[PDB]
**Q** 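Before I ask anything, let me first share the structure, which is written out below as structure tokens.
All heavy atoms count here, side chains included; hydrogens, waters and symmetry mates do not. In listed order, ligands and their atoms are each counted from 1. Chain letters run A, B, ... following the sequence lines, proteins first and then strands; every chain starts at 1.
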Amino acid sequence: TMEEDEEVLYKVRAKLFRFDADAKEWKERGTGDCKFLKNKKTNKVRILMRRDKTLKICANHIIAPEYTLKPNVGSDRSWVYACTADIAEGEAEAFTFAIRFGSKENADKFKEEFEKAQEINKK
Amino acid sequence: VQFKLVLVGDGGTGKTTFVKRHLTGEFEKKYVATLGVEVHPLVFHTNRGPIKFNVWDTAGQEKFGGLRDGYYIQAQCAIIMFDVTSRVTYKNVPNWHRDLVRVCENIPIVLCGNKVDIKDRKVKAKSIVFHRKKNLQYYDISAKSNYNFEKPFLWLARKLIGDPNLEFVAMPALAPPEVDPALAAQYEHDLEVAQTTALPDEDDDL
Amino acid sequence: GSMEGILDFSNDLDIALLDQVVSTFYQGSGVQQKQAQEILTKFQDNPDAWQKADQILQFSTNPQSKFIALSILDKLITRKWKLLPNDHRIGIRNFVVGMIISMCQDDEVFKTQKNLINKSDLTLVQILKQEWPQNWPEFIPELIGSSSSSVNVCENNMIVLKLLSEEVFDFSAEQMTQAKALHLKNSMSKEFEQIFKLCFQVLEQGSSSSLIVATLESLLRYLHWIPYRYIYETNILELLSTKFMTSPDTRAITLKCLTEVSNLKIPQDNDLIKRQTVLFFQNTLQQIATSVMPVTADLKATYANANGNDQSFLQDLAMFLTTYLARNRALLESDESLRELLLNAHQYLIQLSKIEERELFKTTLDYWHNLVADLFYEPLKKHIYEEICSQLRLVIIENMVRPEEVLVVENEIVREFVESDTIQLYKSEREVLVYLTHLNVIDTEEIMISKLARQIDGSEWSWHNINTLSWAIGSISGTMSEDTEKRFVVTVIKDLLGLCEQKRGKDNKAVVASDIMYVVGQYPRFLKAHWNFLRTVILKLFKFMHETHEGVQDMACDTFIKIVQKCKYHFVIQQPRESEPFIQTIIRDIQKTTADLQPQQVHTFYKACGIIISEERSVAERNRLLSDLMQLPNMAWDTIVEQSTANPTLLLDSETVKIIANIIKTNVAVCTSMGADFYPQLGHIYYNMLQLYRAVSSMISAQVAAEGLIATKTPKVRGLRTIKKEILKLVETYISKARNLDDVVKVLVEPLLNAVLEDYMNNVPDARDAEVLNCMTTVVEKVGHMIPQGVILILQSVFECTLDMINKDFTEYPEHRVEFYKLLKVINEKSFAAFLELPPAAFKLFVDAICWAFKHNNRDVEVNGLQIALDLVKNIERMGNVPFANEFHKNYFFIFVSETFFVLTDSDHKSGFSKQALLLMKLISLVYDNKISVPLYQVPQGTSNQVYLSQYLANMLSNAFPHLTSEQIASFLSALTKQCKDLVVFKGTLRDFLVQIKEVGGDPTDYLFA
Ligand SMILES: Nc1nc2c(ncn2[C@@H]2O[C@H](COP(=O)(O)OP(=O)(O)NP(=O)(O)O)[C@@H](O)[C@H]2O)c(=O)[nH]1
Ligand SMILES: *[C@H](CC(=O)OC(C)C)n1cnc(-c2cc(OC)cc(C(F)(F)F)c2)n1
Ligand SMILES: [Mg+2]
């Protein structure tokens, strides 16, 4: 499972999208628990998200300090950001993600946690 | 450890949408009819190792049927799909079942009534009985809401591996890499488009 | 690569290349597999590929290649057989027959190529359907004779006969004309004497397993149709119920055969046949007890282990036992020597009912319903089953599924999401448990009280155990006497409170909370007679509304309204020992009670108060309660209206938009439960509400102009449109329940139309609310007859612009689609004159729109489209012989006829067949009743419309279906017109036509079937 060397800093239920730049559409990648995991040995914090029943990974990447959360024109409870190295599907791909939450308060708390994690990773 | 799965049912019942949901996690809202068959590998991680389904997603429209029962040769399992909002699709289940078992005489088969998310249901639960005498497993499902969307594959994996205690398990999550200013001046082109393309189904719970 | 070469037919076919393409498709992967698939499809679809079939079957090294070749022949046989010259027909026959004989006689091919032989057998059956018995009278006698030459041939002949029976008796209804199906059924019936003789001899002398299994599989099909005498006047029942039950290779198919035997209604006056029906059941149960499992066996454990074919056998056993006993258990209920057999069979069913398998449980539950309903009515029967029923009470109580009302779920005791598979099951369980309680109310109470005593002890405490017990307790409400119920209900609640006090942890707490809430909500009769307790309950529900656990909160609101729906009267009167009606106490503290609820739960609370208030029939008192209830939203409304007139910028605030939407939602909730009584509150806000509607409308238009269409996706504009949608919902809700329709017309309608119609017409499509159409539908439905000019105004504002939104494809604006045709339907039904006032250009678009609805596969639109067409015809017919009716038929009669024929015959609108047939029958009957008084043509002078209709249709079908003969078309139309008063026969003729257009050479005499 490759998760026992890690601590859970934050957990929230979310729906993750990926932008198909060709078709110009957002496509759902998965719904389930989004977790911020801090490695006990290296202290690096990653996003790890699995689908609800199949438990398949739909997000697995470092919360890089270079990343920036942006609003989506259609939602007050979502964030959009670019990702250069996600290995949920296999070989590290780049993605433009959008992640939506159950409420604006969950999105705001997520943003606070997302930025506190970027600081951790800048050590 | 791979198994051939054939997916059959009337056109528009949601066969392709169901497979795509399991492949990528997306929900395709458009209806693009399948032409003949589309083959996709699909892997699940269980407590008994990985299991791979070679999913033969066949066409339900007669004018796009392609090889028709030729696709069933050497199938090791099957899903028969219908739409609980369309009685004709349940009325045709015995016809799909007939053609399937004539080629595949002894395979596990799941019967799925899809689109239970739609309020005005037309094929009532009490009338769905065809599976009983045919020893098919039945599930209400919805590719849109994901209701019971895992159950057909979980049941088939238990029958094909021969272990009633088989369960889906969390795949190992490798450490992700640490990772361009040449195009960073252009990943505002791709990003602003994404920002200004509204997310779908903003009225959903998630 | 070079795989496409096989598509070139000027070549000679490279069989080795075909086999590589086939192998690449079946055993390959990725792009090369995808390419071979497309090539193989084109190869199979080539109209001359069948001429390569013989060469493929002779020279190929690949079984799949031969299979595909047989599919090419099947397609030819099924659809173009009678166009072939007779020499090609004889050639294909001999060739298919020869290959089957060949594969049978090679023992290694017989073992290894089962699929290919099965496909060949089905191909032969397709030839029989075309050629037999008229052009092949010796098939059956020769088949029987050839069965002795080889055991492989005998076995394969059983497969051919099995497939033949299926094609003729099980799958002919949709695939053959009525006349052709009758012909083949009679042919098989005439020859079955010989077929059964061969079958019984094979079963009697018994070769080896495979030949027997195939013979029994064929027998299963015969049992669907053969006369009863073949089963009861031979010794076959003893073979099925003894010999073939002992060996597990034949047990599965024999159990299915006996199940089908059991589902006939015997001539139930004949003592001999009754004795035989008893006998094969006795034999079967004896074989199961001795060869499979004794009646004490743990079938739950066996099923879960899923060894070999155990699950399928237990499924088949349940089907056999329930089928036989539902039909024949009376045969076992009087003879004392049969009592043990009757109860042992039901004991097997008890054990089967403990299996953990949802769908199997529903099968057994269906039988238990059948039994207990019979014991409820039939004299002197229930005592026989006293011990069975006692065990069944325990099984049901222990396997109750979660009812709708229970919103708390374990994942972690959380708050669901979700469905109806479980909802129907709960209802079916409740039905059986209610019957069981009536059958012995003392036993039921003792089981439940004993189970509850062991939750106190902790002897058996668990979430699962208190849940199923609580759900069972709630589900039997209404089965006990008021006095026993009083004692029963009191005990249950006191003890459930004993679990709360002795439980700690919130997880535990939200479980027992949902259980107590479910039980109390299920016993309103008790609450009505015990005010002091009802008051205590409501007070506690209010406490639950402040709970941090989200599930408990939602259920408290749902339980509150569920109780109020039943006990409303006791909230409106002043109770003894009380200073005021409890509704006054509730209203006063409504702000404190609902402080922690989400808005949509607050609205449910207000709706519950509206239920109570509507029980007050004194108008002055009711209106005052209504005024008190709406105090908080009306205060917020006045405030927000005063700071909206002055400074119309205030609605830019998103927090203001949410407040407004919640105000309107509260009014909607109260109007839903109060209906006609809501009018005084509606009048209080109506004029300012429509001014707000206009104001919000200007803001939406302004945003779209300044930001583009994307503005409609933003949280701001979506919130503004929610205001418009909830305003429309409020007006629709009231008008749908209004009793003073004069006030509706004189006070509400004209300000409504002024506020919504032009705004809808003059917005860009992406900004138009489909809810406008829905509101207008209710307006027309309820008062349309009183506002003829208002209906014209509605049509002018929404008709052409909505039609242009939805007439480019079948998918865009799906809600507008649905509401559009709902609106046209009600106008056409209630205010048809509004369509008479349309300009000719617009009336043509109306006809266009109706036929456009025909072609939808969405049932919402399709059904309304066909209904509008039928109502429109009736509206025109009602006008009689006038210019408008004459012009309508001249312009549109044949458009409707041909458009209806199009969707009838195009294979893409099967769901609408019944209504399409009704419409076509009405149109045809109009002509053959001489209800069209002008000539439909523009052909000599004096010709009747009946003659012209036939010539029009014959020409239409000749061009649309050029492969039909002139005689086919003429006979079809002659029969169809003859039958235009008899819908059932009419539809059969249409079904026969749909069969015939899929092949060549259909027999025109088929249409004389009636
Ligand atoms: N409301 C709802 N719609 C669904 C669901 N599943 C599929 N659909 C919709 O049904 C339509 C048919 O899509 P599709 O998956 O291609 O069905 P299909 O059976 O594979 N078509 P074919 O057999 O002709 O190739 C799509 O519009 C899809 O969005 C569902 O679970 N709920
Ligand atoms: C157990 C659960 C509980 O207390 O939940 C809290 C919110 C943590 N429990 C204790 N008391 C009750 C109870 C008592 C009632 O008195 C008549 C009425 C009910 C009700 F369900 F009918 F509202 C519940 N439950
Ligand atoms: Mg498809």
Side-chain angles (χ1 to χ4, degrees), chain B residues 7-21 26-38 57-66 79-86 89 96 112-121 140-149 201, chain C residues 408 466 470 489-490 492-494 496-523 527 530 532-549 551-553 555-556 559-560 562-563 810-811 814 857-858 908:
Chain B
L7 176 63
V8 307
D10 278 8
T13 52
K15 302 183 293 296
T16 295
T17 304
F18 176 75
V19 170
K20 274 199 191 170
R21 176 71 98 184
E26 78 190 80
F27 179 78
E28 176 57 70
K29 299 192 185 200
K30 301 179 295 284
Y31 177 21
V32 179
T34 294
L35 299 171
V37 70
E38 274 182 352
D57 174 22
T58 69
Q61 265 189 86
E62 192 267 324
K63 68 188 172 241
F64 301 144
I79 298 173
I80 298 171
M81 190 86 83
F82 70 93
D83 179 351
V84 302
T85 73
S86 183
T89 68
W96 290 109
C112 293
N114 191 32
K115 309 200 188 179
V116 303
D117 58 289
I118 291 171
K119 187 174 77 265
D120 192 13
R121 176 168 179 161
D140 275 6
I141 70 164
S142 168
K144 193 191 217 283
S145 75
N146 293 296
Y147 187 71
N148 284 342
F149 87 117
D201 303 317
Chain C
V408 76
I466 191 64
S470 296
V489 169
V490 165
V492 174
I493 290 142
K494 98 143 65 70
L496 286 174
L497 294 167
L499 284 331
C500 233
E501 293 177 350
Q502 216 67 26
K503 260 45 204 153
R504 329 317 214 135
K506 202 159 267 293
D507 257 328
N508 271 341
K509 237 61 170 170
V511 161
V512 191
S514 66
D515 287 335
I516 297 166
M517 282 192 280
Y518 180 68
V519 170
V520 303
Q522 276 292 106
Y523 286 94
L527 300 176
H530 300 63
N532 273 115
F533 192 62
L534 166 56
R535 166 179 240 265
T536 302
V537 169
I538 300 297
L539 270 42
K540 195 69 170 90
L541 296 187
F542 293 175
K543 265 216 295 234
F544 285 170
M545 296 179 189
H546 301 286
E547 263 297 315
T548 56
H549 190 304
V552 169
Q553 229 180 21
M555 201 172 174
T559 305
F560 175 43
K562 182 178 180 189
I563 289 172
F810 295 101
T811 62
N857 277 122
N858 163 31
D908 294 338

**Q** When you measure from the side chain of C:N857 to the backbone of C:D908, do you find a donor-acceptor pair of N or O atoms at a distance under 3.5 Å?
**A** yes
**Q** Is it true that B:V116 lies under 4.0 Å from ligand 1, counting heavy atoms only?
**A** no
**Q** Is there side-chain contact between B:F18 and B:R21, with heavy atoms separated by less than 4.5 Å?
**A** no
**Q** Could you tell me if the side chain of B:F64 sits less than 4.5 Å from the side chain of B:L35, heavy atoms only?
**A** yes
**Q** Distance to 0.1 Å, residue and atom name: give those for the protein heavy atom nearest to atom 17 (O) of ligand 1.
**A** B:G14 N, 3.0 Å
**Q** Output yes when a side-chain donor or acceptor of B:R121 lies under 3.5 Å from a complementary backbone atom of B:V84, and no otherwise.
**A** no
**Q** Can you confirm whether C:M517 sits close enough to C:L541 that some side-chain heavy atom of one is under 4.5 Å from a side-chain heavy atom of the other?
**A** yes
**Q** Taking only heavy atoms of C:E547 into account, list the atoms of ligand 2 that are under 4.0 Å away from them.
**A** 6 (C), 7 (C), 8 (C)
**Q** What residue and atom, counting heavy atoms only, is the protein's closest point to atom 25 (O) of ligand 1, and at what distance?
**A** B:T34 N, 2.7 Å
**Q** Against heavy atoms of B:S142, which atoms of ligand 1 measure under 4.0 Å?
**A** 31 (O)
**Q** Counting from 1, what ligand 1 atoms have a heavy atom of B:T13 closer than 4.0 Å?
**A** 17 (O), 19 (O)
**Q** Could you tell me whether the side chain of B:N114 and the main chain of B:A143 form a donor-acceptor pair under 3.5 Å?
**A** yes
**Q** So, taking the atom named NZ in B:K115 and the one named OG1 in B:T13, what distance separates them when rounded to the nearest 0.5 Å?
**A** 7.0 Å
**Q** Under 4.5 Å between any side-chain heavy atoms of C:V408 and C:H549, yes or no?
**A** yes
**Q** Tell me if a side-chain donor or acceptor on B:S86 pairs with a main-chain N or O of B:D83 at a distance below 3.5 Å.
**A** no
**Q** If you count the atoms of ligand 1 from 1 in the order shown, which ones are under 4.0 Å from a heavy atom of B:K15?
**A** 15 (O), 17 (O), 18 (P), 19 (O), 20 (O), 22 (P), 23 (O)
**Q** Could you tell me, atom by atom, which parts of ligand 2 come under 4.0 Å of a heavy atom of C:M517?
**A** 21 (F)
**Q** Specify the protein heavy atom at minimum distance from atom 19 (C) of ligand 2: its residue, its atom name, and the distance to 0.1 Å.
**A** C:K540 CG, 3.5 Å
**Q** Around atom 3 (C) of ligand 2, find the nearest protein heavy atom and jot down its residue, atom name and distance.
**A** C:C500 SG, 3.3 Å
**Q** Report, rounded to 10°, the angle at the Mg ion (ligand 3) between the two atoms OG1 (B:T16) and OG1 (B:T34).
**A** 80°
**Q** Only heavy atoms count here, so choose which of B:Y147, B:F149, B:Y31 is nearest to atom 22 (P) of ligand 1.
**A** B:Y31
**Q** Would you say B:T17 reaches the Mg ion (ligand 3) with an N/O/S atom under 2.8 Å?
**A** no
**Q** Using a 4.0 Å cut-off to any heavy atom of C:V537, which atoms of ligand 2 qualify?
**A** 22 (F), 23 (F)
**Q** Quick check: does B:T58 put an N/O/S atom under 2.8 Å from the Mg ion (ligand 3)?
**A** no
**Q** Can you tell me if B:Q61 has over 12 outside heavy atoms packed within less than 6.0 Å of its CD?
**A** yes
**Q** For ligand 1, find out whether one of its N or O atoms is nearer than 3.5 Å to an N or O atom of B:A143.
**A** yes
**Q** Distance only, no hydrogens: is a donor on one side chain within 3.5 Å (strictly under) of an acceptor on the other, for B:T16 and B:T34?
**A** yes
**Q** Around atom 12 (C) of ligand 2, find the nearest protein heavy atom and jot down its residue, atom name and distance.
**A** C:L497 CD2, 3.4 Å
**Q** At less than 4.0 angstrom from any non-hydrogen atom of B:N114, what atoms of ligand 1 do you find?
**A** 5 (C), 6 (N), 7 (C), 30 (C), 31 (O)
**Q** Would a 4.5 Å heavy-atom cut-off, applied to side chains only, mark C:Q502 and C:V512 as touching?
**A** no
**Q** Would you call B:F27 a ligand 1 contact, heavy-atom distance under 4.0 Å?
**A** yes
**Q** In the protein, what heavy atom is nearest to atom 5 (O) of ligand 2, and what distance, to one decimal place, separates them?
**A** C:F544 CE2, 3.6 Å
**Q** Output yes when the distance from some N or O of ligand 1 to some N or O of B:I118 is under 3.5 Å, and no in every other case.
**A** no
**Q** Answer yes or no for C:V552: is there a heavy-atom contact with ligand 2 below 4.0 Å?
**A** no
**Q** Of all the atoms in ligand 1, which lie at a distance below 4.0 Å from a heavy atom belonging to B:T16?
**A** 15 (O), 16 (O), 20 (O)
**Q** So does B:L7 get a backbone contact from the side chain of B:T58, meaning a donor-acceptor N/O pair under 3.5 Å?
**A** yes
**Q** Do me a favour and list the nearest non-hydrogen protein atom to atom 8 (C) of ligand 2 with residue, atom name and distance?
**A** C:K509 CG, 3.3 Å
**Q** Considering only the protein, which heavy-atom contact is closest to atom 17 (C) of ligand 2, and what is its distance?
**A** C:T536 CG2, 3.5 Å
**Q** Counting only N and O atoms by type, is there a donor-acceptor contact under 3.5 Å from the side chain of B:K15 to the main-chain atoms of B:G9?
**A** yes
**Q** Could you list the atoms of ligand 1 found under 4.0 angstrom from a heavy atom of B:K29?
**A** 26 (C), 27 (O), 29 (O)
**Q** Report yes if the side chains of C:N532 and C:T536 come closer than 4.5 Å at any heavy-atom pair, otherwise no.
**A** no
**Q** State, without any angle test, whether B:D117 and B:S145 hold a side-chain donor-acceptor pair at a distance under 3.5 Å.
**A** no
**Q** Geometry only, no angles: is B:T17 polar-contacting ligand 1 at N/O separations under 3.5 Å?
**A** yes
**Q** Among B:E28, B:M81, B:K115, whose heavy atom sits nearest atom 29 (O) of ligand 1?
**A** B:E28
**Q** Could you tell me, atom by atom, which parts of ligand 2 come under 4.0 Å of a heavy atom of C:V520?
**A** 22 (F)
**Q** Are B:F27 and B:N146 close enough that some pair of their side-chain heavy atoms sits under 4.5 Å apart?
**A** no
**Q** Are any non-hydrogen side-chain atoms of C:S470 and C:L496 less than 4.5 angstrom apart?
**A** yes
**Q** Can you find an N/O atom of B:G12 closer than 3.5 Å to an N/O atom of ligand 1?
**A** yes
**Q** Could you list the atoms of ligand 1 found under 4.0 angstrom from a heavy atom of B:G60?
**A** 22 (P), 23 (O), 24 (O)
**Q** Can you tell me which residue and heavy atom of the protein come closest to atom 1 (N) of ligand 1, and the distance to 0.1 Å?
**A** B:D117 OD2, 2.8 Å
**Q** Does B:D57 pair with B:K20 as a salt bridge, N-O distance under 4.0 Å?
**A** no
**Q** Could you check atom 20 (C) of ligand 2 against the protein and tell me its nearest heavy-atom contact, residue, atom and distance included?
**A** C:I516 CG2, 3.7 Å
**Q** Among all protein heavy atoms in this structure, tell me which lies nearest to atom 23 (F) of ligand 2, with the distance rounded to 0.1 Å.
**A** C:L541 CD2, 3.3 Å
**Q** Just distances here: any N/O of B:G9 and N/O of ligand 1 closer than 3.5 Å?
**A** no
**Q** Identify the heavy atoms of C:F544 and C:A556 that sit nearest to each other, and give their distance.
**A** CB-CB, 3.5 Å
